[PDB]
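Every number here is computed from the coordinates shown, using simple stated rules; none is lab data. As a convention, Cβ positions derive from the backbone with ideal geometry for all residues, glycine included, and neighbour counts pool all protein chains shown.
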Amino acid sequence: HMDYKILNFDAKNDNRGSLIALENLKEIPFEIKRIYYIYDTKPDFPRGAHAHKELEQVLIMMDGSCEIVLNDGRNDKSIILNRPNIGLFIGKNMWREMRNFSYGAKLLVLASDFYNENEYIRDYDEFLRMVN
Amino acid sequence: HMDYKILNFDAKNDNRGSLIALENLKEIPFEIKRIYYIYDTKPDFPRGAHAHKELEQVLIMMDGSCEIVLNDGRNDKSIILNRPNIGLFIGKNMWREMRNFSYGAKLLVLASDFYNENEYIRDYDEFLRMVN
Amino acid sequence: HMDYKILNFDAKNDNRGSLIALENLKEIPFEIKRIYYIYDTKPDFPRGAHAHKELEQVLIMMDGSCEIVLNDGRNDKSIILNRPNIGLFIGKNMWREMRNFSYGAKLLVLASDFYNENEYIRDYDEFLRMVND
Amino acid sequence: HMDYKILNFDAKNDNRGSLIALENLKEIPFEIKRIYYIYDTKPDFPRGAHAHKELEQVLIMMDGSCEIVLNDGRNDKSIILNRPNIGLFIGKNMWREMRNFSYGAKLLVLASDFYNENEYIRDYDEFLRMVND
Ligand SMILES: Cc1cn([C@H]2C[C@H](O)[C@@H](COP(=O)(O)OP(=O)(O)O)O2)c(=O)[nH]c1=O
Ligand SMILES: Cc1cn([C@H]2C[C@H](O)[C@@H](COP(=O)(O)OP(=O)(O)O)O2)c(=O)[nH]c1=O
Ligand SMILES: Cc1cn([C@H]2C[C@H](O)[C@@H](COP(=O)(O)OP(=O)(O)O)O2)c(=O)[nH]c1=O
Ligand SMILES: Cc1cn([C@H]2C[C@H](O)[C@@H](COP(=O)(O)OP(=O)(O)O)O2)c(=O)[nH]c1=O
Ligand SMILES: C[N+](C)(C)C
Ligand SMILES: C[N+](C)(C)C
């Protein structure tokens with residue numbers, strides 16, 4: 001019982017393709033203040049390796065695949081994201097890395113707040129002191 | 001001088017790839033209430049063919065290409081979206097269609113409000129009466 | 001009539017996706033000796049700008065779109081490739097460019113012979129001289 | 001030692017992107033008679049589940065990732081393909097599956113011979129009987 005959740009999204013499917021709509025405090029359990037997206041990824045060059053005190057996130061794999069590795073201080077879960085109709089809710093005080101990006105994989109992140117470099121914990125031991 | 005704008009985004013480029021961050025009332029000229037994204041597109045099956053009174057939008061081509069065709073009531077502009085570091089701001093009282101989607105092209109839309117089927121103008125003549 | 005053909009491919013479609021199969025002297029009207037693919041393309045960085053007296057090619061956009069521009073010494077013909085089930089045969093004495101690549105668009109090329117840098121014409125003026133002998 | 005090889009390809013990289021070239025009896029250790037590509041793949045809809053006495057293949061993920069599962073009648077070997085500059089040679093008397101496709105992932109296959117549905121083994125039990133003669 002870690003603070004993440006798999007979100008299965010409802011798509012409007014038709015001849016012209018698929019559409020997924022995600023709204024503030026409905027499919028998204030917070031108000032979107034920011035989105036960012038990561039592209040030109042490579043499988044040998046992983047990303048993240050950080051935690052956040054207050055910031056909450058929803059991760060959608062727009063293109064390709066990756067392994068999200070989550071850690072709350074004790075046991076740690078590997079979640080593979082590889083389709084656009086699934087999102088990963090990442091709660092508070094959660095260490096995450098993203099590895100094994102398929103070449104050119106495109107990740108989309110929906111953020112509960114504006115970018116704040118100070119509130120990044122980029123040191124795993126510092127994270128563990130903060131958890132305990 | 002129609003109510004659209006090309007947005008050239010700043011990317012943090014490094015070994016692990018590219019990251020673009022877009023924030024409420026900074027890179028985005030409104031507060032995000034909703035995002036939706038369109039995938040499994042086809043070049044022979046176009047989309048949109050509608051206008052909106054109040055709703056404002058930012059369009060980002062996450063994958064592949066398409067032609068956005070804009071119309072405000074008089075002259076009409078074709079804008080080709082084909083890279084993730086460019087967004088298209090679509091203002092108020094603007095008719096748009098999206099055609100010539102590359103097979104499997106992925107469009108991302110950032111919306112200034114919650115989904116409201118009533119405020120869709122899906123009739124071009126109705127749109128023109130409303131403009132004049 | 002310029003020496004190119006649009007090839008419409010038959011796909012085997014099920015709930016697991018689509019398969020296209022291309023064989024020597026059947027859907028491909030030559031013997032594949034080499035294939036090449038291009039990726040990490042950019043809308044603002046076009047490619048091609050060469051011609052070949054002998055080499056026949058078949059072009060397939062596996063991902064995204066680009067604009068193939070074909071010239072046999074008269075006017076440019078643009079052919080948009082934006083789906084994987086269409087191919088473009090390009091015959092002999094054909095100058096070609098490929099521009100307006102969607103970002104990260106991928107092109108597959110089935111070629112009729114082994115790579116010879118010597119047999120490349122990479123100058124348009126050289127190509128017109130060659131076509132006006 | 002199972003009859004597969006990981007192929008590392010040399011790419012020509014410039015500011016216009018990357019090109020990989022694959023030739024008969026050079027980077028590909030057979031003569032290409034046919035190529036096929038698969039697209040509109042789904043993580044939950046795996047493909048393959050067949051073997052071939054004669055047909056040699058080279059697999060390349062041009063877009064996205066999948067898990068190739070290889071079996072010559074002993075234990076499964078998983079090989080992840082997730083970049084376009086790696087290929088997977090699959091020799092004779094090899095059962096293969098391809099699963100955990102990223103959504104819309106695209107696979108290119110260079111094949112040593114023309115398509116023969118007759119020469120396909122699409123039953124695993126049939127494959128073990130064949131490998132235990
Ligand atoms: C998330 C984010 C990052 N950045 C900057 C911080 C770094 O200099 C750079 C890369 O971010 P970084 O934290 O290293 O990325 P990841 O989570 O993929 O490991 O981008 C912003 O400017 N704004 C943002 O909203
Ligand atoms: C934009 C949007 C559409 N939809 C529905 C409306 C339609 O039934 C379906 C397709 O939308 P539609 O307006 O036809 O799409 P497009 O702008 O690409 O032409 O999705 C939602 O449920 N929520 C949304 O936020
Ligand atoms: C087509 C091809 C190119 N190359 C090399 C030649 C160049 O140095 C490099 C780029 O090829 P180039 O002709 O510049 O590519 P394009 O037709 O896409 O513009 O790749 C090979 O080594 N083998 C081949 O079969
Ligand atoms: C490989 C191949 C398949 N096909 C047909 C056979 C089947 O009806 C269909 C799907 O092939 P199948 O063997 O089911 O594909 P996979 O190996 O990806 O599981 O395509 C051809 O017609 N030619 C070919 O060269
Ligand atoms: C607790 N969780 C299983 C929903 C992540
Ligand atoms: C008016 N506009 C040129 C900025 C669209």
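With R₀ fixed at 25 Å, the C-beta to C-beta distance from residue B:6 to residue B:74 puts the FRET efficiency at about 0.80.
Here the Karplus curve 6.51 cos²θ - 1.76 cosθ + 1.60, taken at θ = phi - 60°, turns the phi angles of region D:65-79 into couplings of 10, 8, 9, 7, 10, 10, 8, 10, x, 9, 7, 4, 10, 8, 10 Hz, with x standing for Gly and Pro.
Summarising the label geometry, the points placed 7 Å from Cα in the beta-carbon direction at residue C:92 and residue C:9 lie 2.7 nm from one another.
Treating each Cα of chain D as an identical point scatterer and summing with the Debye formula, the log10 of I(q)/I(0) at q = 0.15, 0.16, 0.17, 0.20 Å⁻¹ comes to -0.73, -0.83, -0.94, -1.28. Close amide H contacts of residue A:63 (hydrogens built in the peptide plane, cut-off under 5 Å, sequence separation of 5 or more or a different chain): A:106. Applying a DSSP loop filter and a limit of 15 other Cβ atoms within 10 Å to the chymotrypsin sites (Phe, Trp or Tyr not before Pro) in region B:16-115 leaves B:114, B:115. Mean partner shielding of peptide D:112-121, defined as the number of other chain Cβ atoms within 10 Å of each residue Cβ, is 1. Taking every residue in D:89-95 and counting other chain Cβ atoms within 10 Å of its Cβ, the average works out to 0. For region B:1-72, GluC sites (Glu not before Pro) meeting the loop criterion (DSSP other than H, G, I, E, B) and having at most 11 other Cβ atoms within 10 Å: B:54.
Give A:33/D:106; C:26/D:42; A:5/A:106; C:33/C:92; C:33/D:12; C:42/C:77 a once-over and call out the pairs whose C-alpha atoms are over 23 Å from each other.
Exceeds cut-off: A:33/D:106; C:26/D:42.
Each of D:39, A:124, A:4 has some number of other Cβ atoms within 10 Å of its Cβ, and from fewest to most they run A:124, A:4, D:39.
For region B:16-30, the Karplus equation 6.51 cos²θ - 1.76 cosθ + 1.60, evaluated at θ = phi - 60°, returns couplings of 7, x, 10, 9, 10, 10, 10, 10, 2, 6, 10, 6, 8, x, 6 Hz by residue, with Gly and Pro reported as x.
Considering helices alone, the calculated mean residue ellipticity of chain D at 222 nm is -1500 deg cm²/dmol, with DSSP H runs of length four and up weighted by -39500 (n - 2.57) and normalised per residue.
Using the Cβ-Cβ distance between residue A:114 and residue B:125 with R0 = 35 Å, the FRET efficiency computed as 1/(1 + (r/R0)^6) comes to roughly 0.20.
In this label model, residue D:53 and residue D:85 are separated by 4.1 nm, measuring between points 7 Å along each Cα→Cβ vector. Relative contact order for chain A: 35 percent, from Cα pairs under 8 Å spaced at least 6 residues apart, divided by residue count. Using equal-weight Cα scatterers in the Debye expression, the normalised intensity of chain B in log10 at q = 0.21, 0.22 Å⁻¹ is -1.38, -1.48. Under the rule a/c < 1.5 gives rounded, and otherwise a/b versus b/c splits prolate from oblate, where does the protein assembly as shown land using the Cα gyration tensor? The shape class here is oblate.
Here each label is just a point 7 Å from Cα along the line to Cβ, and for residue A:49 and residue D:67 those points are 2.6 nm apart. Each residue in C:1, A:50, C:52 was given a count of other beta-carbon atoms within 10 angstrom of its own, and listing them fewest first yields C:1, A:50, C:52.
Across peptide D:75-87, the mean count of Cβ atoms from other chains lying within 10 Å of each residue's own Cβ comes to 3. Here the Gaussian network model covers chain A, with springs between Cα atoms less than 10 Å apart; of A:79, A:90, A:68, A:79 fluctuates the most. Residue C:26 to residue C:129: FRET efficiency via 1/(1 + (r/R0)^6), r the Cβ-Cβ distance, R0 35 Å, to the nearest 0.05? Efficiency at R0 = 35 Å is approximately 0.45.
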